[PDB]
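# Overview (structure and organization)
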Amino acid sequence: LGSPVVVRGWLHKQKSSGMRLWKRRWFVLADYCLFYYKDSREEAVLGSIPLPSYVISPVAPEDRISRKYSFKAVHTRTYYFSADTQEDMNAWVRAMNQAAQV
């Protein structure tokens, strides 16, 4: 992946389209970049989100998100994520913000 892994695990990512359905992907944060894969084998990169100029935080009421442990990355296009526990969400928010500072 070029760089040592800071953190990896499952997140649901919301689709940006009208229905705003969720899809579970396996994320890996390396250097300043978020990479995701179909599953935890990390075989083929499905996508990369470079994090510089994003700020990551828990969702607000006006985001209208009904999944628990949800957080968002907004530019200085917005991405909505949901973790499976409070702890994992807290760890992703800290890690994504660290990566977003170069």
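Residue indices run from 1 on each chain, following the sequence as it is written; they may not match the entry's numbering, and residues absent from the coordinates are omitted. Side-chain measures here rest on the full set of heavy atoms in the structure, leaving out hydrogens and waters.

For this coordinate set, the PDB header names X-ray crystallography as the determination method and states a resolution of 2.4300 Å.

Per the PDB entry, the recorded name for the protein is Pleckstrin homology domain-containing family A member 7, and the organism is Homo sapiens.

Let us now look at the packing of aromatic side chains. Each pair of aromatic rings taken from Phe, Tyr and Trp, with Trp reduced to its six-membered ring, is defined by centres within 6.5 Å and is described as stacked if the planes are under 30 degrees apart, edge-to-face if over 60, and tilted in the remaining cases. Enumeration over the complete set of coordinates arrives at six aromatic pairs. Summarising the aromatic geometry, the rings of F27 and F81 are spaced 5.5 Å apart at their centres and angled 85° between planes, so their arrangement reads as edge-to-face. Comparing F27 with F81 shows no difference in burial state: the two are buried. Three or more aromatic residues joined by ring pairs form one cluster here, namely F27, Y36, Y54, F71, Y79 and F81. Our definition puts a charge over a ring when NZ of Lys or CZ of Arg is within 6 Å of the ring centre and also within 35 degrees of the ring normal. Across from the ring centre of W22, 5.6 Å away, lies the NZ or CZ of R67, which sits over that ring. For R77, the ring lying beneath its charged end belongs to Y79, and the centroid distance is 4.0 Å. Think of it in three bands: with a 1.4 Å probe and only protein chains considered, a residue is buried below 20% of the maximum accessible area for its type, exposed above 50%, and partly exposed in between.

Attention now goes to the environment of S53. Each helix corresponds to a stretch of at least 4 residues labelled H or I by DSSP, and each strand to a stretch of at least 2 residues labelled E; elements are numbered beginning at the N terminus. Inspection of the secondary structure assignment puts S53 in the loop between β4 (45–50) and β5 (54–58). The spacing of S53 and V74 is 21 residues in sequence and 8.2 Å in space, taken between C-alpha atoms. Setting aside anything within four residues of it in sequence, one finds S53 in contact with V74, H75, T76 and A100. Only heavy atoms enter the contact rule, under which two residues are in contact if any of them lie within 4.5 Å.

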